[PDB]
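Q: Got a structure here, written out as structure tokens. Questions coming.
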């Protein structure tokens, strides 16, 4: 049993966007599907529900026409009719138990998809190596700067180096761009340590080997 | 919905109880669910129908209440419980279903002073006309404050801080602090200082441009 | 059956 969200991306305000939740391992017609979102730095927010077991639908009292929810046989969708910056958020779909009595027990969730609402254009990151200016171990890193939208992914030595890796939450610049850093502590070697940066929105993939 | 204000604090192995209050009675007097929420992870159902524990959810978690007053109780608290907790009110009309404001639980483990590292901007970063100096405070508790100094002078602008969530094993934070300057500013000065303060304790890290 | 209410 699994839920997978998709469709999140950077959109200009007013430009309609449809998010999709794809279902596997169970049948939608035996349950109900629920949309929830979370804007950055805020709380969970209930958006709406569509039933499969019965034929019913509801939007949050405050929706007022901001969302459309519909189903296929293996998906449920969420259309943001006219997106504002207030709709910039991570969107989750969830499966609840259902009957004539309504729904309950939201015990299955997708991983979420990110909607970014801005008048800007997608932009790849710049990557800079981080190195200290006589120790047994050493900490190196990568600064990932000036990208949009989120997220980027950072790995070290193609995912083989995982111990001692610290990646920090991103920071939104006043420019609207984002930046983050990631560091790794290793047993000081003559060995080369390389960070691997990917930015799916611009199909960007950058590798940087960091010297000590 | 009104929840216990954030933040709320609990010691490891201790007991914490957070509460949720609704203006309206929930469906059948008991439609209220509890969720754990950590950054970059979907909501996780802990309690549904006020007191019923989700499949595979630790017996350390329990809930109670009726009508409009509800609690979640976490006993034998672990660092892994460091999270934000949300209540969901379910009502006769689905359109009324609402999340509470969320209650951040901070878990107090063993105090650790931070490991502080400073990284000069790489050569290729200076070429761009802007430099970012990175200071990192690793594996610490409780919270810290950061001070930047350039040739002795406390810096007042250009500073950004980003703190990781608590470590799920030892309750510690990681923090990155960046100082952003123009290349001209950076090359016109010599000493760059990151000062991380934790109570009456300070850990200071420095480098001199030129030794780089 | 009340459904979604």
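Protein chains in written order, with our numbering: chain A, 5 to 216; chain B, 4 to 215; chain C, 1417 to 1421.
Ideal Cβ placement from N, Cα and C applies to all residues, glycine included.
1. Please report whether the beta-carbon of residue 43/A lies at a distance below 7 angstroms from any beta-carbon of chain B.
2. Find the residues of chain A that neighbour residue 151/B, judging by a C-beta separation of less than 7 angstroms, and give them in chain order.
3. Mind listing which residues of the stretch 70–104 of chain B have their C-beta closer than 9 angstroms to chain C's C-betas, in chain order?
4. Compile a chain-ordered list of the residues in the stretch 49–81 of chain A whose CB is closer than 7 angstroms to at least one CB of chain B.
5. Restricting to runs no shorter than 4 residues, where is the alpha helix (DSSP H) found entirely within the stretch 148–195 of chain B?
6. Just the C-alpha distance for residue 4/B and residue 213/B, rounded to the nearest angstrom, thanks.
7. List, in chain order, every chain B residue whose beta-carbon is nearer than 9 angstroms to that of residue 1421/C.
8. Can you tell me the Cα-Cα spacing of residue 33/B and residue 9/A, whole angstroms?
9. What does the alpha-carbon distance come out to for the pair residue 1/B and residue 102/B?
10. Mind the definition here: the stretch 130–138 of chain A touches the stretch 126–139 of chain B only if three or more C-beta pairs lie below 8 angstroms; say whether that holds.
11. I want to check one thing, is the minimum distance from the CB of residue 180/B to the heavy atoms of the ligand ATP below 6 angstroms?
12. Go through its chain and collect everything with a Cβ distance to residue 128/B's Cβ below 6 angstroms, but skip five positions before and after it.
13. Going straight from the alpha carbon of residue 59/A to that of residue 41/B, what length do you get?
14. Would you list, in chain order, the members of the stretch 117–133 of chain B that have their beta-carbon closer than 8 angstroms to a beta-carbon of chain A?
15. Between residue 37/A and chain C, is there a C-beta pair that is closer than 7 angstroms?
16. With distances taken Cα to Cα, identify the nearest neighbour of residue 147/A among 26/A, 156/A and 140/A.
17. Check whether the Cβ atoms of residue 93/B and residue 47/A lie closer than 7 angstroms to each other.
18. Along the stretch 105–116 of chain A, where does the CB come closer than 9 angstroms to a CB of chain C? Name the residues.
19. Could you spell out where the alpha helix (DSSP H) holding residue 126/B opens and where it closes?
20. Just list the residues that DSSP pairs residue 75/A with in beta bridges.
21. Which same chain residues end up closer than 7 angstroms to residue 124/A when comparing Cβ atoms and leaving out the 5 residues on each side of it in sequence?
22. Can you find a C-beta in chain A that's less than 7 angstroms from the C-beta of residue 48/B?
23. Determine the contact status of residue 165/A and residue 84/A, defining contact as a CB-CB distance below 7 angstroms.
24. What is the DSSP secondary structure of residue 211/A, counted as helix, strand or coil?
25. Specify, as a first and last residue, the run of the beta strand (DSSP E) that residue 145/A falls within.
A: Taking the definition as stated:
1. Taking the first chain and counting its residues from 1, one reaches residue 43/A at position 39. Taking Cβ atoms only, chain B never reaches closer than 7 angstroms to residue 43/A, which makes this a no.
2. Indexing the second chain from 1 puts residue 151/B at position 148. Within 7 angstroms Cβ-Cβ: nothing; residue 151/B doesn't reach chain A, min ~16 angstroms.
3. 94, 95, 96, 97, 98 and 99
4. 49, 50, 53, 62, 63, 64 and 65
5. 186–190
6. Residue mapping note: residue 4/B aligns to position 1 of the second chain, counting from 1. Residue mapping note: residue 213/B aligns to position 210 of the second chain, counting from 1. If I take the Cα positions, the gap works out to 57 angstroms.
7. Position 5 of the third chain, counted from the start, is the residue given in the question as residue 1421/C. By Cβ distance, chain B contributes 30, 94, 95, 96, 97, 98 and 99.
8. The sequence position of residue 33/B within the second chain is 30, counting from 1. The sequence position of residue 9/A within the first chain is 5, counting from 1. The straight-line gap from Cα to Cα measures roughly 30 angstroms.
9. Missing from the structure shown is residue 1/B; chain B here goes from 4 to 215 and no further.
10. yes
11. The model on display carries no ligand, and the ligand ATP is accordingly not part of it.
12. In the second chain, counting from the first residue as 1, residue 128/B sits at position 125. Excluding positions up to five away in sequence, the list reads 134.
13. Position 55 of the first chain holds residue 59/A. Position 38 of the second chain holds residue 41/B. Rounded to whole angstroms, residue 59/A to residue 41/B spans 33 angstroms at the Cα level.
14. 120, 121, 122, 123, 124, 125, 127, 128 and 131
15. The sequence position of residue 37/A within the first chain is 33, counting from 1. No, its Cβ sits nowhere closer than 7 angstroms to a Cβ of chain C.
16. To locate residue 147/A, count along the first chain from 1; it is residue 143. Nearest of 26/A, 156/A and 140/A to residue 147/A, Cα basis: 156/A.
17. In the second chain, counting from the first residue as 1, residue 93/B sits at position 90. In the first chain, counting from the first residue as 1, residue 47/A sits at position 43. No; because the gap between Cβ atoms is not below 7 angstroms, this pair is not in contact.
18. 105, 106 and 107
19. As a working mapping, residue 126/B is identified with position 123 in the second chain. Segment 126–129, the alpha helix (DSSP H) holding residue 126/B.
20. By 1-based counting over the first chain, the position of residue 75/A is 71. Partner(s): 80/A.
21. Taking the first chain and counting its residues from 1, the one referred to as residue 124/A is at position 120. 152 and 180, listed in sequence order.
22. Counting from 1 along the second chain, the entry for residue 48/B is found at position 45. Chain A contact via Cβ: present.
23. Position 161 of the first chain, counted from the first residue, corresponds to residue 165/A. Position 80 of the first chain, counted from the first residue, corresponds to residue 84/A. Contact: no.
24. Within the first chain, numbered from 1, the residue matching residue 211/A stands at position 207. Here residue 211/A sits in strand by DSSP.
25. As a position in the first chain, residue 145/A is number 141, starting the count at 1. Its beta strand (DSSP E) spans residues 141–151.
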